[PDB]
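The block underneath contains the structure these notes are about, expressed in structure tokens.
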Amino acid sequence: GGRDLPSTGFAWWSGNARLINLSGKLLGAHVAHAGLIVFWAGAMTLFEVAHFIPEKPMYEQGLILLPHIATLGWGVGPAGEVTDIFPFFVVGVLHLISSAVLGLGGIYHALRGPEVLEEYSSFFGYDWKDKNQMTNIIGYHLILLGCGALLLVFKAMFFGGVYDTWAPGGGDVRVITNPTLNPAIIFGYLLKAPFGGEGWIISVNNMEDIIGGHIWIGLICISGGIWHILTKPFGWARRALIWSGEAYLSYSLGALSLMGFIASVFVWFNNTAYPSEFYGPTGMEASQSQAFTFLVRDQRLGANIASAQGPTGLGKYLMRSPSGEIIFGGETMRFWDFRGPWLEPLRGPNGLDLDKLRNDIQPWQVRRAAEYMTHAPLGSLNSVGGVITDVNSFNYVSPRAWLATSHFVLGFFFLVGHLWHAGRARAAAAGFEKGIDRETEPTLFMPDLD
Amino acid sequence: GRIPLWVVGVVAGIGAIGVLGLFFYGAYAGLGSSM
Amino acid sequence: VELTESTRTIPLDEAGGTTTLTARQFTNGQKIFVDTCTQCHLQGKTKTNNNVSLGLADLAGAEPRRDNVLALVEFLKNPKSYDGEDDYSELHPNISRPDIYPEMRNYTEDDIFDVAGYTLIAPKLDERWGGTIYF
Amino acid sequence: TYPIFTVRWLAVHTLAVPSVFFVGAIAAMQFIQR
Amino acid sequence: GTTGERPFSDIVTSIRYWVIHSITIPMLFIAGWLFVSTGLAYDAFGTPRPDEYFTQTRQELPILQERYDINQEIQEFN
Amino acid sequence: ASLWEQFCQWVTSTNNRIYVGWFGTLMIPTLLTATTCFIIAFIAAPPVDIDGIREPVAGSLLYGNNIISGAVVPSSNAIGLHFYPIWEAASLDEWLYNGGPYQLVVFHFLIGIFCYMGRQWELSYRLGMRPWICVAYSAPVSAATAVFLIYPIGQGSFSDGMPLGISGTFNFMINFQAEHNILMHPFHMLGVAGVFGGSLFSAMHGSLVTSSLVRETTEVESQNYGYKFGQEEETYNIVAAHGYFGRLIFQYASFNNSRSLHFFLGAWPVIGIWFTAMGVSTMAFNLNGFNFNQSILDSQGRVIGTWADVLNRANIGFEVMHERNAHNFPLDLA
Amino acid sequence: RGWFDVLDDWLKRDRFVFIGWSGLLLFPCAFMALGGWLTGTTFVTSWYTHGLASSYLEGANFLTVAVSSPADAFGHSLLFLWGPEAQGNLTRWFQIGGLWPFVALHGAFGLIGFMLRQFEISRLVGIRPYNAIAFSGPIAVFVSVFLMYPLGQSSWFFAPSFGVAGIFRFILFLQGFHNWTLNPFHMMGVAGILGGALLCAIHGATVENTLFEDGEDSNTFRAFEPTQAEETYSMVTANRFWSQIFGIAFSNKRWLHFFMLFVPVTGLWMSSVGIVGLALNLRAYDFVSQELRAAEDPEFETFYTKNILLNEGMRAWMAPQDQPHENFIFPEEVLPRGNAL
Ligand code: CLA
Ligand code: CLA
Ligand code: CLA
Ligand code: CLA
Ligand code: CLA
Ligand SMILES: CCCCCCCCCCCCCCCCCC(=O)OC[C@H](CO[C@@H]1O[C@H](CO)[C@H](O)[C@H](O)[C@H]1O)OC(=O)CCCCCCCCCCCCCCCCC
Ligand SMILES: CC1=C(/C=C/C(C)=C/C=C/C(C)=C/C=C/C=C(C)/C=C/C=C(C)/C=C/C2=C(C)CCCC2(C)C)C(C)(C)CCC1
Ligand SMILES: CC1=C(/C=C/C(C)=C/C=C/C(C)=C/C=C/C=C(C)/C=C/C=C(C)/C=C/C2=C(C)CCCC2(C)C)C(C)(C)CCC1
Ligand code: OEX
Ligand SMILES: [Ca+2]
Ligand SMILES: [Cl-]
Ligand SMILES: [Cl-]
């Protein structure tokens, strides 16, 4: 394998392109990178644990990995309070140790092992143009991916459960016993409009639906893996697609960009898979919590929060949504589709219920609204929390902000990568990725436009 | 008797990231840290 | 100037007494303030209810007045309304209720004293302390 | 047999000398407590 | 392509350069460090030290108001 | 030879005066719909209740606006992120009152410009060109998506999208500065680097080529007539340009490779706009610019103001007056 | 051999750093400007002129440091070191903002020196002086913004300060006090700068993607010789691509490269004209038709009227701290503000 520009045609800054047809060294690069990923998981988790203050809420400490563990129902109890730090520590250590095994394997394959696996094995040797084998690899991975989804299912059903923020009697780890197998609900979720009030799959709001989804996902992924191992690409797909390593990279880049945008939206809007007791309030929650907090204060001062018109003529604390639902007043009117386990007790069939808002408020609801309102996912780049005009004494940026901003940026740059590699794969398949041939420049044989 | 240029580049880069990281440390300590 | 002895001299009681926080105690009180109270008392305001702020006039108008160290320490042990009528233990952070306010459960009497002292000294270092939410 | 001192040498020092001086001064400031 | 001067790569890879610069660059760095840490820079530029922005007799900004006699205003501002 | 094949050949034809392509079969209807609705709205649309407090804003020329002040007003805050097509309104007048033209125009525009990017790739493919002009075009596409889609999504309302007008754009920027301190955001700083540098390099390259043109004309005619469209030979001496520029600064700060130079010219503003688009896109989730308010304290603990504090005073001034009737609670949470 | 010719020989030698006759005024002046800025941003305060910390020594960072403009009390005094204000006292000269006129005047003469260097090198090398002409845009901006704007105002105090956040303050000040975004001259400047960026990106991308296959490697950069007579990219293919994508395309490369100079340069000149207007408070602040109507018709609102309100808020909330010498005491009750917020 050439490791210079004269032997490969690729400069040092495009050096990893020299691995396109070196399957052994490419496999080494891949396993060592996987090692990097697992290393970060373990090391960052151990950092978060060493920096963790167990009594202080998770979203106040710059944590993004321990919230993921706690949502899975490890190390936490009711309302997300930490019972034991050891499960987080164990998760970190196991990732950190496995990272070394993957690093070794990667450095081995990248440096010492065969540069090309074609000779060595028919099983591991692949040619980019060999559609049957590339679909075999798709299939083996689809079966492991579906197995991982079923691993989530098993943890939620048979191995202690997962954190259900919607649990009766307060949020807590719950064992899911009736996951939603009904394909109408599960796939209906896929068919919901990605706009306010519906939210496509972002609006999944119960662990039963999430778990039933992962049973379907595991089943569909395992079936698709078996299909791809026992089949070959059909004619229409053989004709509409580019069959090359860079092409497959560009396809995966498009998929990754889509998933990055989706993850950004998920963490920003959904509080079921991302519980607010770990991730802090969504911005919709913080706005509604502000409206609620001053609803309670003013009501306790004796105001009629129902019949109090604001300076504009709309109700100061309560109004109607454009479809008539009773909602919180003020600019929060935009977040009237927000659902939260501390709010939903005060909602009637018509929306917010006056009888409930006048008699059934609880101190935990007021405390929760105060906490969520003061932890609005608003903050500066140097982590000065609250609105940008505030002074420097509050060190807080929401984990939702960090995760959403990061994955939007990564999704966008991966869309750019998709375009880069998809256009390059197309041009290289067609044979003009290196520039225009002077003798057969196509425009010289095309008629003038005018 | 010539020091390889890549070694000189590595040493200078380490020192430059060091001065930059010292300057970023000072953002959180001493003067101008808000505390 | 430096953080003088007169700057850290604050009323301990209503009967006229005065105490002086040490620089270590002022720093500690500031640290607890930034770590536990700024989410709502940024720059002496009160985001969830700015009718009751941490400004010197406001602290002095409470019942009984809260512009001395001991009253503040009591308030952080057993918080009440602005008129001393209604129980606010389940509504305001305090050390008497570690079940609902776990963040405060490791703050000792010295720490609460320090944060009360800081709360009383901060208004002397900033004219905008205890103002309007936007100001 | 290149010359040691030239116009380029002075152009390099006029900037490099005060720059390292200033960098050390700004390094010292990182430890000033109020 | 070459204007006569020794190429920088030849200069910085040489023993004599580093024999000189292993002392010169650190000496400049420590000279600047000492300029700050001895308090010399405050006196040189008249920049207030952290305890001299406000004095006992003045709690407000020392904004200059004279057109000409500024030695006097800055002295009274202390 | 089939009719579908004939249609495919026409669509992908490189002999059409304007290339259509498959991406064009989407670009043309969407952009035409957006242009028609935009012109009609900008001229004649009735006032729009942007802030959802029943305070309609006049955006159209016939309602008293000039070209500078006219805009298509974003849809009502009461709508939020809800999808609001014409067939969800009980009358066109209700649709207009709530800012439906904004949703129609922006959605069709967004689709149209993504299709324009795809179309650029498509024509490059049909012409046997290299494929990355669309990558450069993805920078303005990203910025437009940030202001029309991502920022509304993060803030929770299409009412927070950039208005389709000049003064509406300034309002958006001012409000954005007041709530996010975009001036002190490093990604905006890279965007300013991108645009200042893009103009700098455009001027530099243009001036260096123009300075180094090969003598081909007489002094009575435009020097541009010294170039003939399709000529084999280069029209300026890059060697002379490099000699001048490498003496203006130093030899190693000048490009001798036109390919390397034209790459740099493309990459610098494109990267800078990608950063600024991502900056706007991340302040959509309220990850704002740097906050240095009261960062400097003296020994007693008194605040020594900096230029950032004065900037913060300007921001507070903007913030307390914006949407003067829309806030009922103390904190502007969105 | 006369001494003048011998001097012109040494000054115009081919060395790593060309000097020339222009260098006698470019190099000391640029070095004074740059060193003054670094010195002020590292060590010098704005405590006595602005009531602000403005150096690294006081705790400011790269974003917040500045060579701040002098105190208002000096008017447009040139604040020479030996002048009647500082009277040769270096420390007092630092404390009164004397570094601001030092950086501005050495920078102005350094910019003159750089343009003279452009002319001189152009003449020596034998090319047309269009790089020098292009640079007139930046000088127009520097002169109008850093000299003529404060010269028309009350003092150097209102000139932009040499700093990141100082410049941001100047920008927001021009918004809130001058409604500078509404100014057509600024709009032409925005069009020029954005169009310059657009032209840069689109020329670069077009050239890189219409390259002729001149080499065997994927690394297309190695396929260009600086002395080759042949164009390295297809102008015909580029022209057809843009003609079919955009409807129009460049067909003359000379006009294309002139346009790349003309657009940003013209934009800088136009914005400078607008700034010169702002020096005298000649602002495109208002549309009187809409002010008269909103005065008479309280239902009438546009984005323009909203921006007017934003400007009033900025002015009232920023004036007391931004202009500390005026002793603006604005009690809380007179500060304009919407509801709640
Ligand atoms: C995720 C990051 C990553 C990975 C996994 C790889 C992997 C690889 N690169 Mg790429 N590369 C990368 C980033 C990466 N690269 C970047 C960022 C650049 C730009 C600078 C390049 C530029 C580049 C070029 C120009 C070339 C490669 C080549 C290669 C391949 C041969 C490596 C070789 O012979 O180096 C030999 C290097 C060494 C022997 C130095 C030591 C390297 C080891 C791995 C250090 C490991 C230290 C680690 C801490 C040990 C832990 C041990 C234990 C705990 C497990 C290899 C598969 C070559 C190739 O394509 O071959 C055909 C090639 O020519 N790369
Ligand atoms: C998905 C990625 C992700 C996310 C969301 C977070 C989020 C967070 N981290 Mg983590 N972290 C990550 C990856 C991530 N990190 C990685 C990869 C590392 C290894 C270096 C770390 C190491 C780390 C440490 C050591 C610490 C954190 C901390 C934090 C918190 C504060 C962050 C902060 O102040 O940033 C400041 C913001 C920046 C520095 C901005 C970075 C700007 C990037 C470089 C721009 C690049 C964008 C784009 C891709 C450029 C491409 C250009 C080209 C394509 C054109 C926050 C919860 C802190 C904490 O609170 O811990 C408890 C902490 O101490 N993180
Ligand atoms: C994606 C990962 C991957 C892939 C596809 C391969 C593939 C290959 N390796 Mg490599 N290797 C890897 C990772 C990988 N390796 C890692 C991480 C290490 C470090 C321990 C090594 C160390 C290594 C060495 C030292 C050697 C190989 C060799 C080989 C070849 C023959 C393998 C064999 O014996 O047949 C099939 C082997 C088995 C069926 C038994 C092994 C299966 C594993 C150990 C158990 C299941 C994996 C895991 C524990 C369960 C799931 C993983 C989890 C993350 C979900 C083949 C090309 C050999 C070679 O080059 O021959 C010429 C060789 O000498 N590999
Ligand atoms: C990572 C997973 C993965 C990957 C890479 C592939 C890859 C492939 N599959 Mg397989 N497949 C998978 C999982 C996967 N599959 C699973 C899990 C199943 C089980 C359901 C199947 C079942 C399956 C069948 C039954 C067939 C394939 C076929 C194919 C081939 C062409 C498919 C194609 O053109 O797609 C592109 C998709 C289209 C052209 C359909 C048009 C759809 C329009 C454009 C709407 C698209 C929706 C919109 C754009 C996106 C909205 C966003 C949101 C929904 C996420 C290709 C090799 C085909 C083949 O050749 O078989 C061997 C085939 O007939 N797949
Ligand atoms: C899994 C995703 C993936 C994979 C496997 C590849 C793989 C490849 N790419 Mg692609 N690429 C991707 C994503 C991916 N890319 C994305 C997302 C983008 C958009 C930004 C691109 C844009 C891109 C371009 C423009 C080019 C490639 C090229 C290549 C090839 C050579 C790459 C190389 O040697 O890099 C070497 C690595 C480096 C030089 C290091 C890059 C350093 C960057 C600037 C840092 C990014 C920020 C980082 C987070 C650090 C921030 C912290 C900071 C504070 C220090 C190789 C086949 C080249 C090609 O076409 O070859 C055929 C090529 O020219 N890629
Ligand atoms: C490859 C080059 C080599 C890189 C390695 C060195 C480079 C720079 C590292 C030096 C940074 C100083 C470390 C801090 C000292 C320890 C004190 C401490 O705990 O924290 C000190 C403070 C306070 O934090 C607390 O302090 C306490 C009292 O000391 C205790 O130590 C606590 O444990 C601690 O948490 O925290 C910080 O300031 C952390 C933020 C800054 C630290 C890292 C800065 C960034 C590092 C480099 C990145 C920028 C460079 C850009 C280069 C471009 C290319 C990437
Ligand atoms: C888990 C879960 C769930 C579930 C989910 C699901 C069920 C899923 C599914 C999903 C899916 C079901 C997916 C899909 C996808 C799609 C796509 C992504 C597509 C694409 C396509 C393409 C790409 C194409 C292309 C093309 C065209 C356009 C034409 C021609 C040419 C071509 C071929 C190129 C729920 C929500 C319940 C809950 C939560 C959890
Ligand atoms: C004023 C004055 C004067 C003058 C003086 C001078 C001239 C000075 C100088 C000075 C100087 C001349 C200085 C300098 C300095 C510089 C600096 C301060 C530096 C810095 C640096 C840095 C910090 C950087 C960083 C980085 C980056 C960012 C990138 C890459 C990496 C690195 C790390 C490198 C006189 C006497 C006449 C008179 C009086 C007044
Ligand atoms: O809509 Mn448009 O501007 Ca976004 O922050 Mn909240 O909301 Mn309203 O106030 Mn500020
Ligand atoms: Ca807290
Ligand atoms: Cl507004
Ligand atoms: Cl509100």
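Please note that chains go A, B, ... in the order of the structure tokens, that every chain numbers its residues from 1, and that ligands are numbered from 1 in the order shown.
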Problem - Selection as number ranges by chain: residues within 8 Å of ligand 1 by only C-alpha atoms and all ligand atoms - result: A: 1-4, 11-19, 22, 25-33, 36, 99-107, 109-111
Exercise for the section: With a cut-off of 10 Å and counting only C-alpha atoms, select all residues of chain C in contact with chain E and give the selection as a list in words. Expected result: residues 1, 2 and 3 of chain C
Take the residues just selected and output them with N, CA and C atoms as a PDB file, in the first residue's frame.
ATOM      1  N   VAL C   1     -10.458  50.226  46.701  1.00  0.00           N
ATOM      2  CA  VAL C   1      -9.851  49.836  47.969  1.00  0.00           C
ATOM      3  C   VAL C   1      -9.868  48.315  48.138  1.00  0.00           C
ATOM      4  N   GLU C   2      -9.311  47.829  49.245  1.00  0.00           N
ATOM      5  CA  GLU C   2      -9.402  46.414  49.569  1.00  0.00           C
ATOM      6  C   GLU C   2     -10.751  46.116  50.222  1.00  0.00           C
ATOM      7  N   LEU C   3     -11.019  44.834  50.461  1.00  0.00           N
ATOM      8  CA  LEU C   3     -12.208  44.415  51.205  1.00  0.00           C
ATOM      9  C   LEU C   3     -11.932  44.673  52.682  1.00  0.00           C
TER      10      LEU C   3
END
Exercise for the section: Output the contact residues of chain E with respect to chain G at a cut-off of 9 Å, based on only C-alpha atoms, as a PyMOL selection string. Expected result: chain E and resi 2-5+36+41-50+53+60-71+74
Resulting file, chosen residues, C-alpha atoms, as a compact mmCIF listing (two decimals), in the first residue's frame:
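Resulting contents of again.txt:
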# COMPACT_ATOMS: atom_id res chain seq x y z
CA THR E 2 16.01 32.94 -2.94
CA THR E 3 16.71 36.57 -2.11
CA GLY E 4 20.08 35.83 -0.52
CA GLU E 5 19.16 35.26 3.12
CA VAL E 36 4.40 42.59 35.67
CA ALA E 41 3.97 48.04 34.84
CA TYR E 42 1.34 49.64 37.10
CA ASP E 43 3.74 52.49 37.88
CA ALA E 44 4.93 52.81 34.28
CA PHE E 45 1.52 53.11 32.62
CA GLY E 46 -0.46 54.48 35.56
CA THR E 47 -2.88 51.56 35.46
CA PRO E 48 -4.71 51.26 38.81
CA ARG E 49 -3.90 48.24 40.92
CA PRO E 50 -6.93 46.17 42.02
CA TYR E 53 -9.71 52.03 41.39
CA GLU E 60 -17.24 57.15 41.65
CA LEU E 61 -15.55 57.11 38.26
CA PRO E 62 -12.51 59.40 37.94
CA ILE E 63 -13.68 60.80 34.61
CA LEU E 64 -11.43 63.58 33.36
CA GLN E 65 -13.04 67.01 33.06
CA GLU E 66 -10.24 69.59 32.68
CA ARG E 67 -9.18 70.59 29.21
CA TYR E 68 -5.50 71.10 30.10
CA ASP E 69 -4.59 70.65 33.79
CA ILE E 70 -4.83 66.87 34.02
CA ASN E 71 -1.86 66.25 36.33
CA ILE E 74 -5.44 62.78 38.33
Exercise for the section: List all protein, DNA and RNA residues that have an atom no more than 9 Å from any atom of ligand 8, counting only C-alpha atoms and all ligand atoms, and report them as JSON, numbers by chain. Expected result: {"B": [12, 13, 15, 16, 17, 18, 19, 20, 21, 23], "D": [14, 15, 16, 17, 18, 19, 20, 21, 22, 23, 24, 25, 26], "G": [28, 31, 32, 33, 34, 35, 36, 37, 38, 39, 40, 41, 42, 62, 81, 90, 93, 94, 98, 99, 102, 103]}
Handout entry: Protein and nucleic residues near ligand 4, 10 Å, only C-alpha atoms and all ligand atoms, as an NGL selection string
Key = :A and (131-132 or 134-139 or 141-143 or 145-146 or 190-191 or 200-201 or 217-241 or 243 or 248 or 251-252 or 255 or 258-259 or 262)
For the selection you just gave me, I'd like the residues written to a file as a short mmCIF file (atom, residue, chain, number, x, y, z; two decimals), in the first residue's frame, keeping C-alpha atoms.
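To be explicit, this is the file written out as part_17.cif:
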data_model
loop_
_atom_site.label_atom_id
_atom_site.label_comp_id
_atom_site.auth_asym_id
_atom_site.auth_seq_id
_atom_site.Cartn_x
_atom_site.Cartn_y
_atom_site.Cartn_z
CA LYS A 131 -22.88 -6.44 -4.14
CA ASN A 132 -23.62 -9.83 -2.56
CA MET A 134 -21.56 -5.89 0.78
CA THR A 135 -25.16 -6.85 1.45
CA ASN A 136 -23.83 -9.69 3.63
CA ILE A 137 -21.99 -7.13 5.74
CA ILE A 138 -25.12 -4.96 5.89
CA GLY A 139 -27.02 -8.02 7.09
CA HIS A 141 -24.59 -5.60 11.22
CA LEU A 142 -28.42 -5.26 10.95
CA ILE A 143 -28.73 -8.43 13.10
CA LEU A 145 -28.16 -3.62 15.67
CA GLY A 146 -31.52 -5.32 16.16
CA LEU A 190 -43.91 7.56 11.88
CA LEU A 191 -46.83 9.09 10.00
CA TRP A 200 -43.54 13.07 14.29
CA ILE A 201 -41.64 10.52 16.43
CA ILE A 217 -37.08 -2.20 15.48
CA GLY A 218 -35.23 -5.31 16.63
CA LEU A 219 -37.59 -7.51 14.65
CA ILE A 220 -37.44 -5.43 11.44
CA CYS A 221 -33.65 -5.04 11.67
CA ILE A 222 -33.09 -8.76 12.25
CA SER A 223 -35.43 -9.61 9.35
CA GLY A 224 -33.71 -7.10 7.08
CA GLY A 225 -30.33 -8.50 8.01
CA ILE A 226 -31.42 -12.02 7.13
CA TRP A 227 -32.96 -10.73 3.88
CA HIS A 228 -29.73 -8.93 2.92
CA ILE A 229 -27.61 -12.05 3.63
CA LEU A 230 -29.86 -14.32 1.63
CA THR A 231 -30.53 -11.91 -1.27
CA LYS A 232 -28.67 -9.73 -3.79
CA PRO A 233 -29.54 -6.18 -4.86
CA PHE A 234 -32.31 -6.16 -7.45
CA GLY A 235 -32.12 -4.59 -10.89
CA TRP A 236 -33.73 -1.22 -10.19
CA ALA A 237 -31.37 -0.64 -7.25
CA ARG A 238 -28.45 -1.91 -9.33
CA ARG A 239 -29.36 0.77 -11.89
CA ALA A 240 -30.22 3.77 -9.67
CA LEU A 241 -27.27 3.55 -7.28
CA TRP A 243 -21.62 0.92 -6.28
CA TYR A 248 -21.47 3.82 0.40
CA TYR A 251 -24.95 7.11 1.80
CA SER A 252 -23.99 6.52 5.42
CA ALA A 255 -28.09 8.78 7.07
CA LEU A 258 -30.51 12.77 9.24
CA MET A 259 -30.01 11.02 12.58
CA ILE A 262 -33.33 13.99 14.65
#
Practice task
Select all residues from chain C having any atom no more than 9 Å from an atom of chain B (counting only C-alpha atoms, ignoring ligands), output as a list in words.
Solution key: residues 27, 30 and 31 of chain C
Problem - Within 8 Å of chain A: residues of chain G, using only C-alpha atoms, as a ChimeraX atom specification - result: /G:209-220,234,236-237,240
Deliver the residues from the most recent selection as a file, using N, CA, C and O atoms, as an mmCIF file, in the first residue's frame.
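Below is the file out-v6.cif, written as the result:
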data_model
loop_
_atom_site.group_PDB
_atom_site.id
_atom_site.type_symbol
_atom_site.label_atom_id
_atom_site.label_comp_id
_atom_site.auth_asym_id
_atom_site.auth_seq_id
_atom_site.Cartn_x
_atom_site.Cartn_y
_atom_site.Cartn_z
ATOM 1 N N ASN G 209 -14.008 23.540 -9.931
ATOM 2 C CA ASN G 209 -14.859 22.473 -10.434
ATOM 3 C C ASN G 209 -14.988 22.461 -11.951
ATOM 4 O O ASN G 209 -15.745 21.645 -12.484
ATOM 5 N N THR G 210 -14.272 23.337 -12.650
ATOM 6 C CA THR G 210 -14.169 23.303 -14.106
ATOM 7 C C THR G 210 -12.735 23.068 -14.550
ATOM 8 O O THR G 210 -12.387 23.311 -15.707
ATOM 9 N N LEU G 211 -11.900 22.578 -13.639
ATOM 10 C CA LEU G 211 -10.490 22.350 -13.916
ATOM 11 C C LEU G 211 -10.324 21.346 -15.044
ATOM 12 O O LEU G 211 -11.079 20.379 -15.150
ATOM 13 N N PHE G 212 -9.323 21.579 -15.886
ATOM 14 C CA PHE G 212 -8.966 20.621 -16.917
ATOM 15 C C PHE G 212 -8.190 19.467 -16.300
ATOM 16 O O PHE G 212 -7.392 19.664 -15.383
ATOM 17 N N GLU G 213 -8.411 18.264 -16.823
ATOM 18 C CA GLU G 213 -7.665 17.090 -16.375
ATOM 19 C C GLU G 213 -6.242 17.203 -16.910
ATOM 20 O O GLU G 213 -5.946 16.760 -18.021
ATOM 21 N N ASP G 214 -5.351 17.791 -16.111
ATOM 22 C CA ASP G 214 -3.980 18.068 -16.523
ATOM 23 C C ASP G 214 -2.967 17.165 -15.830
ATOM 24 O O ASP G 214 -1.760 17.390 -15.947
ATOM 25 N N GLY G 215 -3.429 16.149 -15.115
ATOM 26 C CA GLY G 215 -2.531 15.271 -14.390
ATOM 27 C C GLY G 215 -3.229 13.971 -14.070
ATOM 28 O O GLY G 215 -4.450 13.848 -14.188
ATOM 29 N N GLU G 216 -2.427 12.995 -13.656
ATOM 30 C CA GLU G 216 -2.925 11.657 -13.383
ATOM 31 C C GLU G 216 -3.460 11.484 -11.970
ATOM 32 O O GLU G 216 -4.264 10.575 -11.740
ATOM 33 N N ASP G 217 -3.037 12.321 -11.029
ATOM 34 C CA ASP G 217 -3.388 12.132 -9.630
ATOM 35 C C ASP G 217 -4.763 12.703 -9.314
ATOM 36 O O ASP G 217 -5.274 13.588 -10.006
ATOM 37 N N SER G 218 -5.359 12.180 -8.243
ATOM 38 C CA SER G 218 -6.546 12.769 -7.644
ATOM 39 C C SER G 218 -6.282 14.155 -7.073
ATOM 40 O O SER G 218 -7.198 14.982 -7.041
ATOM 41 N N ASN G 219 -5.057 14.414 -6.630
ATOM 42 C CA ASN G 219 -4.619 15.725 -6.163
ATOM 43 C C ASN G 219 -4.442 16.635 -7.369
ATOM 44 O O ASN G 219 -3.374 16.666 -7.982
ATOM 45 N N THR G 220 -5.478 17.394 -7.707
ATOM 46 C CA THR G 220 -5.459 18.215 -8.909
ATOM 47 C C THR G 220 -4.558 19.424 -8.781
ATOM 48 O O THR G 220 -4.264 20.064 -9.796
ATOM 49 N N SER G 234 -11.790 25.373 -17.697
ATOM 50 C CA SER G 234 -12.608 25.649 -18.866
ATOM 51 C C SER G 234 -13.567 26.801 -18.612
ATOM 52 O O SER G 234 -14.533 26.665 -17.860
ATOM 53 N N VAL G 236 -15.459 27.975 -21.078
ATOM 54 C CA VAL G 236 -16.661 27.614 -21.827
ATOM 55 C C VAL G 236 -17.586 26.734 -20.993
ATOM 56 O O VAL G 236 -18.801 26.962 -20.950
ATOM 57 N N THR G 237 -17.034 25.710 -20.335
ATOM 58 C CA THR G 237 -17.858 24.859 -19.483
ATOM 59 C C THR G 237 -18.458 25.645 -18.326
ATOM 60 O O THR G 237 -19.642 25.490 -18.014
ATOM 61 N N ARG G 240 -21.307 27.802 -19.656
ATOM 62 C CA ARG G 240 -22.528 27.059 -19.931
ATOM 63 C C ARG G 240 -23.215 26.642 -18.640
ATOM 64 O O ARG G 240 -24.444 26.745 -18.521
#
Handout entry: In stretch 91-331 of chain F, DSSP alpha helix (DSSP H) residues written as a ChimeraX atom specification
Key = /F:92-97,100-126,133-145,151-155,166-180,186-211,238-248,258-283,307-321
Practice task
Would you mind listing the residues within 7 Å of ligand 9, counting only C-alpha atoms and all ligand atoms, as a PyMOL selection string?
Solution key: (chain A and resi 331) or (chain F and resi 51+77+155+159-160+175+179+319+322-323+326-327+332-334)
Exercise for the section: For chain D, work out the contacting residues on chain F at 8 Å, counting only C-alpha atoms, and write them as a list in words. Expected result: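 Residues of chain F within 8 Å of chain D, counting only C-alpha atoms: residues 297, 298 and 299 of chain F.
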Could you save the residues just selected, with N, CA and C atoms, as a compact mmCIF listing (two decimals), in the first residue's frame?
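Contents of selection37.txt, freshly written:
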# COMPACT_ATOMS: atom_id res chain seq x y z
N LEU F 297 -13.62 42.44 38.79
CA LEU F 297 -13.91 43.02 40.09
C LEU F 297 -12.62 43.55 40.69
N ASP F 298 -12.73 44.66 41.42
CA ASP F 298 -11.59 45.12 42.19
C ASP F 298 -11.48 44.30 43.47
N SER F 299 -10.51 44.66 44.32
CA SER F 299 -10.27 43.88 45.53
C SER F 299 -11.46 43.90 46.48
Practice task
Go through the chains and note each residue within 8 Å of ligand 2, using only C-alpha atoms and all ligand atoms, then give the set as a PyMOL selection string.
Solution key: (chain A and resi 40+44+47-48+51-52+61-64+381-383+397-399+402-407+409-410+413) or (chain F and resi 271+274-275)
